[PDB]
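Below is one structure, written out as structure tokens; the observations come after it.
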Amino acid sequence: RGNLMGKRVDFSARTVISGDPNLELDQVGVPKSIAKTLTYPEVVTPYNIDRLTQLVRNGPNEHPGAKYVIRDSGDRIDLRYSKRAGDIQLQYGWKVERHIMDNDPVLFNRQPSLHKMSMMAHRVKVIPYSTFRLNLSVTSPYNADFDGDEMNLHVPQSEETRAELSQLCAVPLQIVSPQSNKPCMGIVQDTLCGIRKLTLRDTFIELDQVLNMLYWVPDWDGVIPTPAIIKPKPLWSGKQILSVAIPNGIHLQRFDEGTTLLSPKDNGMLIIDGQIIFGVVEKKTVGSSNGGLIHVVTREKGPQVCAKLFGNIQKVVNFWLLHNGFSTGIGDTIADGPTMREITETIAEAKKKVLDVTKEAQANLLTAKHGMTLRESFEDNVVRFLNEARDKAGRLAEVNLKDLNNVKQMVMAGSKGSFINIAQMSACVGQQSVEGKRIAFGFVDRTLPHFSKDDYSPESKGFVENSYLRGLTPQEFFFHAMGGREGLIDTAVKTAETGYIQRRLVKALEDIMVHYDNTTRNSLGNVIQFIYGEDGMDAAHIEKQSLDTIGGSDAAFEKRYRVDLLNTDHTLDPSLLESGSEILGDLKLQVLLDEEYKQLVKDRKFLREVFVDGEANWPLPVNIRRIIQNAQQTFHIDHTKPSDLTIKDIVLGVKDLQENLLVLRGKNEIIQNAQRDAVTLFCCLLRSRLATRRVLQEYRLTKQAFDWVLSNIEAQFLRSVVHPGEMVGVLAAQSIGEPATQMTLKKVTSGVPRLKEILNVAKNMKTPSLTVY
Amino acid sequence: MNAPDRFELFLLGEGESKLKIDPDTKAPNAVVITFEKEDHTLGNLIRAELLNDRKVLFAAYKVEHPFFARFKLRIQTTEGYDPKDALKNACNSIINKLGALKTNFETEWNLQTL
Amino acid sequence: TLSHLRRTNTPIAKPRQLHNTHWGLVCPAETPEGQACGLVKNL
Amino acid sequence: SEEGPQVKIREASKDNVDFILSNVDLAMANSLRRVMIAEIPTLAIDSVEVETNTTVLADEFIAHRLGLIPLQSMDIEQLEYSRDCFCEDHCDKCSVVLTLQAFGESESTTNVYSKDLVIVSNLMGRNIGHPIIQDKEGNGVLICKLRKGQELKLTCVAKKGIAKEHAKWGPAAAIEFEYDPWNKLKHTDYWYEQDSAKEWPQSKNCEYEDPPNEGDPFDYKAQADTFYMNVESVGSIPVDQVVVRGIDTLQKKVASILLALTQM
Amino acid sequence: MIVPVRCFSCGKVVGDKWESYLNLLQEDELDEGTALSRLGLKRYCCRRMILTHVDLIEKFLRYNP
Amino acid sequence: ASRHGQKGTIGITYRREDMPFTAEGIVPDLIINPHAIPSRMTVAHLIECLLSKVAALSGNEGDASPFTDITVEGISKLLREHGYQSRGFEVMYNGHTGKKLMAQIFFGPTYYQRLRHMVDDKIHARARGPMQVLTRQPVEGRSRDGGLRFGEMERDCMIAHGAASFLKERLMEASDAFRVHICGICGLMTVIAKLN
Amino acid sequence: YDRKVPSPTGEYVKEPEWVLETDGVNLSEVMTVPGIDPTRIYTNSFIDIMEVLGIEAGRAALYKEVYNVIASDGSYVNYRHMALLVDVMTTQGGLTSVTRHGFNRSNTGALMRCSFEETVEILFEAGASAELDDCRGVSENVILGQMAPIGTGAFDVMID
Amino acid sequence: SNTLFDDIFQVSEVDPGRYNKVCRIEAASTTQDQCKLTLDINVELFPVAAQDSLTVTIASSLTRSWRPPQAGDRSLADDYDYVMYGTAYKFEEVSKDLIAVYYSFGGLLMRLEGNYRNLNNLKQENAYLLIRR
Amino acid sequence: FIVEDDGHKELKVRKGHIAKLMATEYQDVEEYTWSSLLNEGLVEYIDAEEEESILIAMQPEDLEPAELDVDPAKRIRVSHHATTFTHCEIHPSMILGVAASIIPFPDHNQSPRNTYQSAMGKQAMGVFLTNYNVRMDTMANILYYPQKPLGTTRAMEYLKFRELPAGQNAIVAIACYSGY
Amino acid sequence: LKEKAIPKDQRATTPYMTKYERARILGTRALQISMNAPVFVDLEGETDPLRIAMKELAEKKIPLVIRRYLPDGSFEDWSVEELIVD
RNA sequence: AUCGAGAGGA
Ligand SMILES: [Mg+2]
Ligand SMILES: [Zn+2]
Ligand SMILES: [Zn+2]
Ligand SMILES: [Zn+2]
């Protein structure tokens with residue numbers, strides 16, 4: 001475990017890390033002392049002989065240099081001490097141990113390594129200071145702060161080895177992770193606070209600031225966009241200048257809780273051809289969200305374009321925020337006099353409620369709830385009463401916060417802070433708890449020697465009425481310290497137990513690998529799964545799509561999907577097709593549309609059998625929503641001209657498309673049924689959206705566009721298939737163990753103790769429960 | 001330890017010139033001038049003066065890293081207008097403005113007491 | 001230096017928790033984190 | 001007078017000049033105060049050789065304090081940079097050599113002020129090298145304190161430099177700087193609880209401008225052209241010459257670009 | 001351990017104002033806020049240089065060698 | 001670090017010209033992010049800055065003692081008497097441009113501490129240094145010019161990445177690779193190999 | 001419990017139902033009771049479902065309990081990762097713990113088993129039982145310092 | 001390259017939706033029924049109070065980069081005192097021969113009601129919005 | 001402290017005793033020491049087991065009689081609803097250790113933050129002793145210009161923190177600026 | 001055991017080249033390119049041995065084969081000409 | 001090279 005499964009290595013480095021907004025995503029700032037120390041063996045060719053001879057001439061004391069020269073004899077020429085470090089003549093086939101240089105592939109690591117995304121390859125950028133520089137949008141997969149954290153660096157020593165870093169372990173390749181099937185990187189904490197303030201309707205930018213912001217985008221085309229305001233003064237909106245970093249052909253639609261197309265609260269997000277329309281950009285758009293900007297750009301444009309997208313969003317927003325400014329003071333914690341008076345009114349009326357229940361319980365007039373004691377009914381009611389007061393008075397403060405309140409702006413952008421931080425700072429930190437209950441009678445029948453015995457009041461049992469702004473009393477201070485100590489014990493306990501959980505998960509699943517027959521097996525050849533994930537798809541190219549056959553009335557399903565050519569009221573209108581009048585009454589084609597409608601009926605019954613609750617949004621391989629918008633833009637589609645798609649074109653085209661979604665290729669009835677079972681959910685999504693009425697009426701595709709959608713779907717499906725050799729068991733164990741390490745906290749055992757019960761199968765469970773219907 | 005010498009903020013190294021002029025790609029009559037060993041003192045003053053000449057279409061400066069004292073200036077001018085002449089007239093207009101500033105201060109200084 | 005001369009140790013039933021009886025005799029806040037949290041105390 | 005930036009000296013002293021800068025763009029007024037902090041030259045100590053040190057302080061401790069001592073730099077332009085002069089290490093054309101010896105003869109505490117520095121090299125008749133003394137008692141900056149029996153003997157070579165290389169070469173302490181005291185341009189968004197007018201105090205420069213009409217609309221096409229500065233000098237260079245050499249070093253930086261263009 | 005020569009934030013010289021400050025407190029029976037303003041220290045960045053300074057050197061001289 | 005659990009390292013160093021500035025010419029010795037404030041609820045950090053600002057401006061001492069009647073409103077009444085904004089905000093100007101900042105900055109003195117963790121005590125890089133005796137592996141410790149540990153927790157990540165050759169290279173070429181001779185009958189390392 | 005149910009019109013609607021939750025469990029005598037739905041009874045004790053309702057019913061009950069552990073803390077892991085864990089704990093016919101007496105008692109390689117826990121005791125028994133290590137394990141090649149059958153190393157490369 | 005729409009509106013409602021420079025406007029059309037207007041207007045530049053009458057115009061023109069206005073040589077296409085530029089993104093059929101057009105002037109939005117303009121107002125990148133006194 | 005009847009409960013320590021204590025402090029006349037408070041029975045030593053039988057007051061204002069318009073910025077104290085006092089606390093802030101007595105306003109901080117700073121105070125740099133030039137220590141680390149803090153605890157006087165400090169009153173801006 | 005090969009017909013594995021066999025092929029070429037093996041593409045100012053192999057792969061000039069092993073010891077040989085790179 | 005404690009990072 002200490003010299004074979006892991007060992008100390010040469011060509012390693014370690015130092016403190018810091019952030020660099022002017023670095024790239026897959027770049028790493030390397031100190032020149034380290035770059036002078038670490039070497040790479042480069043064999044001389046005609047393509048490097050002139051450069052390598054200069055590096056030897058530069059020597060090992062200043063960068064870019066070299067430290068050793070290896071001949072065919074195999075003896076190293078120490079360039080520090082050799083008398084012939086001036087008259088070297090590099091014969092071909094020799095090795096030159098040059099310095100680490102710019103754009104070299106190196107492995108960057110942050111410990112504990114609970115992730116494949118904790119050890120991923122970076123590009124060298126030699127920097128003139130003593131720290132490892134890295135982009136801010138790579139901190140989240142490392143869980144790396146800049147308060148003194150350290151990171152490691154490993155240097156490959158052969159061309160085969162550098163290939164694995166650049167082509168497998170590179171940073172842009174790990175942006176959209178198989179763990180949680182979503183991107184793990186995103187805009188964070190200054191870009192995030194800035195990209196909200198930039199993208200308000202009230203934020204307009206003048207000409208002088210726009211041109212600096214425009215030239216700050218590296219791959220800019222030189223075209224100055226036309227200002228959104230022209231006549232009184234040429235102003236650009238913040239939405240305008242931000243859209244220059246977004247590539248063309250990006251479509252993003254999201255509706256947030258009030259989002260008409262007029263969008264009065266400026267919420268939601270519509271992005272049309274790389275230019276945003278009416279959305280304020282915040283964490284839901286630009287964070288590490290499912291179906292965000294990063295998720296779209298990585299899938300549509302690619303990893304390299306998305307890695308460029310991080311820096312371009314950062315270089316524009318960090319520029320604007322540097323000349324805008326943003327602070328936070330104690331004034332951002334103060335609510336109004338009227339608001340503070342109503343807050344202490346809210347606490348007083350809840351303390352009177354505890355007094356009345358206490359007087360009720362004292363006269364034995366309490367009715368005990370079923371299955372619990374008289375005291376347990378009392379404790380449950382008082383904790384509920386005091387938590388109601390802390391939450392209501394906190395919401396009384398959060399409503400009072402203005403839009404200029406800087407704590408609110410970080411909350412509104414989602415960069416840092418929550419509601420409870422506002423509540424505990426400005427209104428009431430609230431009830432403290434040890435071991436789930438209130439503060440125990442550590443003394444005989446009291447909590448502190450400043451109380452009389454048998455005192456169950458909020459003050460006695462550890463309710464902190466004051467906020468951090470108002471200042472805690474000495475009793476409030478001690479009870480807060482008593483609960484706060486418990487969190488420090490829980491943090492130290494859960495970190496040690498989860499590290500054992502993650503190691504146990506890994507060591508059991510370390511040999512589970514997808515083989516070339518798509519079977520998920522182990523070293524013995526035993527089948528764990530016959531198809532990986534039961535469907536054979538790499539979780540990186542998987543996202544949530546709605547199966548919209550599940551929901552709606554039986555009439556609305558009929559109104560949207562049924563085509564009756566033998567009817568005149570329920571037929572395809574001649575507006576939708578060049579054959580609108582020719583096709584009416586066709587018997588040989590209505591048998592096709594009755595065949596298609598029978599599968600949509602059969603699939604809808606099948607999907608309700610699987611998803612009993614009626615949930616439509618489920619992770620599926622190929623995002624068909626985006627391919628339709630891609631078709632409406634590539635082939636410029638008007639919704640007035642009729643299509644040229646035959647009934648036979650759509651129906652027999654989709655059935656031919658399903659024949660080409662291959663996951664397994666065996667020519668026998670078992671594998672063909674394994675294949676037909678593995679693609680059933682996707683073909684349920686395929687027929688629901690490539691149905692005849694939906695294409696001709698809602699999409700209005702041409703035959704050119706329809707054949708293009710069929711080509712993309714077949715292409716994106718085959719890319720989403722798992723690659724044989726994928727060590728999916730280690731990936732499975734780390735995808736569970738890492739979010740377990742972030743677990744930290746109504747009578748059921750949950751979280752880390754329950755996960756320890758499940759993995760270490762508990763013959764004596766802490767909370768067995770039976771759910772009876 | 002790793003920190004560079006402080007004179008590199010203003011002292012040109014070996015093989016380094018003060019200005020480097022490079023033609024812009026996909027931008028007609030536009031140029032990118034790499035100013036070496038300078039900072040926002042010069043770049044913000046040159047750029048703001050290029051905005052006052054009404055034959056200049058684009059003027060912007062940026063420091064690609066605070067580690068290194070250098071910046072890039074991009075100028076785009078009208079057809080038949082070398083941006084170097086736009087840079088020359090902007091630089092010369094800075095000097096004549098500072099020349100009058102120096103004279104008007106020395107006039108008001110000698111008028112004062114204490 | 002003053003903190004080290006007033007440091008206590010408990011060599012090893014909830015010992016690491018801040019007890020009510022610790023009032024005024026031991027510091028509520030001053031203790032190490034992680035390993036030996038709550039066992040090492042300061043007067 | 002002359003066509004361009006207008007200056008109105010409101011208050012002037014040996015140590016402070018409060019003036020108004022009219023008809024200037026924001027970039028020129030900003031690049032004026034930037035170059036006043038950073039890039040105008042000054043003489044200060046850049047090498048200390050310590051013969052004997054029996055003090056309670058380290059040599060590098062005292063050597064760092066010696067660099068912060070304000071020396072005279074009125075005629076600094078007649079002195080050359082040591083990197084530019086053709087000497088071996090330093091000379092009288094490029095450096096000023098100072099001597100400091102002190103012994104704790106008294107039973108009481110013996111103080112080492114900067115008045116005790118002795119100029120050794122030939123000044124060649126220019127106002128340079130002299131440590132600035134603004135104390136009313138004539139003593140300098142309190143460099144060290146000696147007990148009886150402690151001595152300190154060192155030599156300081158003062159060279160020429162700017163505050164970009166080290167902050168000891170800064171002739172200015174603080175450049176006050178304010179434009180638009182009424183926020184009529186709306187260049188900032190005032191944070192407030194109840195009323196922005198009551199929670200923020202009036203600037204002194206508000207008395208030197210017209211208040212806006214609350215019924216009048218936003219003067220959107222206006223720009224910043226009137227600035228309010230107050231320059232303070234440490235003493236190494238007089239206050240008028242901090243801003244004049246500030247202007248002159250600024251236009252020398254622009255003129256080097258013209259010479260660079262003519263060479264390419 | 002001994003008075004800083006200049007203020008850290010702006011660079012105003014404060015090394016000459018130490019003995020005048022101690023005499024302003026004791027000989028003239030002044031409070032620290034008026035003695036700081038008397039020495040021309042108006043900005044609080046310069047004010048904390050003198051007001052928060054601990055003259056540890058006076059106890060370093062008490063050791064005999 | 002400050003006195004409220006707010007720890008951080010120096011990410012950059014700016015001069016006074018590049019640094020933002022108030023109209024008085026006062027310049028920060030330190031800039032911290034507002035995002036270290038709200039998640040940690042270190043309100044006393046911001047009350048310290050408000051109290052230290054009034055004490056410096058008035059020449060008195062700041063009574064930051066626990067369990068007192070020192071209120072933020074009482075301090076802000078004193079700061080407003082000194083002609084500053086009561087909650088400590090100050091209009092600051094961008095040092096790169098001279099244009100004002102749109103937001104006003106929380107600005108004042110705050111007692112900061114220099115911790116024992118400096119970078120040049122942590123820098124390490126090996127590139128084939130000295131080895132141990134028993135295991136023929138790199139030695140432990142940066143004082144001994146050792147190697148960083150490619151532990152089994154890291155072996156996990158290279159397996160999940162699928163990088164077999166890098167995993168083999170760290171285990172062999174950057175570490176204790178060795179050649180032995182074995183017999184074809186019994187699979188033991190008991191063969192005498194006279195090489196020359 | 002609120003519950004979504006298909007309406008006769010076709011929509012899903014909120015049809016609330018009274019549900020009993022207990023403080024203890026032994027399922028063998030609970031579902032055989034009138035008035036209940038014995039097709040919908042549920043236990044957090046998946047070990048009972050394995051021995052009462054079968055292994056595959058225990059398999060789905062095993063996943064559902066892990067899923068609640070993740071989702072209650074706001075997180076989200078994909079199905080394939082948790083299901084791969086559950087299938088490894090199930091494919092031996094019964095519940096196999098991730099424990100030194102558990103997965104580490106299987107017929108895998110001795111060098112692979114010795115890398116987790118009970119290191120020398122595994123190698124001691126393997127020396128006596130005359131165990132043959134296939135060296136298909138990833139840990140066997142990490143010990144041997146060879147290119148393991150992992151990704152890049154899952155095949156061979158030959159000439160054309 | 002000419003005018004696409006012209007009408008005269010009367011503002012019914014002005015809405016500062018937690019903003020300081022932008023109010024969302026609600027304007028009813030005279031000279032025609034079934035035609036209402038909703039628009040985000042910079043009130044810091046062009047103030048709009050209630051019960052005002054605003055001549056609203058939409059043009060196709062009068063890509064290539066924006067040149068700054070050389071003062072007198074460049075002939076304006078606007079005798080108006082407020083001009084914006086935007087992009088159409090949605091067309092809404094309210095009723096049979098009733099239509100709605102959505103524009104986005106960099107995040108300032110536009111809603112236009114009517115029935116007759118089916119020839120004009122194509123789903124185009126080109127949209128200039130002109131407002132008279 | 002010791003409360004007794006005087007009946008009406010009152011602190012045994014009176015202001016005449018404080019004047020004699022401070023007369024001894026200024027004289028630096030039958031010096032009035034700590035033991036003079038102990039031997040005159042005004043101050044008792046209570047351990048953890050004996051304080052199970054006592055009722056402590058939090059401040060001598062808890063022995064004041066009762067009788068509205070209170071300052072809304074002050075914190076919320078509770079009327080104790082208890083009157084059988086036998087002791088009073090000397091000062092509530094005396095529950096803290098040496099390192100936690102450096103923390104300014106720790107009643108306005110959440111509890112693990114005071115725990116962290118109490119551990120980081122031992123990592124702060126300053127003058128550990130005035131004879132560091134005479135000692136030959138394996139490692140020594142002295143600040144050039146130590147400063148006494150502008151915000152001080154009243155328990156700093158006995159800990160000699162204003163005499164041997166460990167930091168500097170830096171001018172701090174809380175601001176986003178260039179993203180570094 | 002003895003010659004458990006699969007014919008060129010009845011090959012059931014994926015025709016698309018996996019990311020794990022792309023990285024090995026590019027690394028194996030860039031290894032021997034670095035040791036002065038002949039290059040089968042007109043390098044258009046390309047010096048990096050990896051970018052040579054990436055240009056050699058995009059023109060299918062790599063004379064290697066992929067022996068994809070199956071869990072029963074059987075194997076399918078696939079030339080780099082046959083495999084699809086997407 | 002073996003033990004022992006202190007600390008950093010979560
Ligand atoms: Mg950290
Ligand atoms: Zn010279
Ligand atoms: Zn100062
Ligand atoms: Zn043998």
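Recorded method is X-ray crystallography, 3.1 Å.
Each residue, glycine too, has its Cβ placed from N, Cα and C.
Listed features, source Swiss-Prot:
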BINDING   E:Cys7, E:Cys10, E:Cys45, E:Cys46  Zn(2+) binding site
CROSSLNK  E:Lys59  ubiquitin cross-link
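Structure coloured by features recorded in Swiss-Prot.
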{"residue": "E:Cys7", "record": "Zn(2+) binding site", "Cβ neighbours (10 Å)": "23"}
{"residue": "E:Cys10", "record": "Zn(2+) binding site", "Cβ neighbours (10 Å)": "25"}
{"residue": "E:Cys45", "record": "Zn(2+) binding site", "Cβ neighbours (10 Å)": "27"}
{"residue": "E:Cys46", "record": "Zn(2+) binding site", "Cβ neighbours (10 Å)": "27"}
{"residue": "E:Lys59", "record": "ubiquitin cross-link", "Cβ neighbours (10 Å)": "16"}
Distance [Cα-Cα, Å, rounded] between E:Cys7 (Zn(2+) binding site) and E:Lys59 (ubiquitin cross-link): 24
Between the residue listed as 'ubiquitin cross-link' and E:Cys10 (Zn(2+) binding site), the C-alpha gap once rounded to whole angstrom: 29
Listed recorded positions (E:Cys7, E:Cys10, E:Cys45, E:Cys46, E:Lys59) that sit near chain J [CB under 8 A]: none
Proximity to chain F among recorded positions E:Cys7, E:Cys10, E:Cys46, E:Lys59, where any Cβ pair is under 8 Å: E:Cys10
E:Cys46 (Zn(2+) binding site) - helix vs strand vs coil (DSSP): helix
Filtered E:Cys7, E:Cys10, E:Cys45, E:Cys46, E:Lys59 - recorded positions with C-beta under 8 A from chain I: E:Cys45, E:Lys59
In three-state DSSP terms, the structure that E:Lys59 (ubiquitin cross-link) belongs to: helix
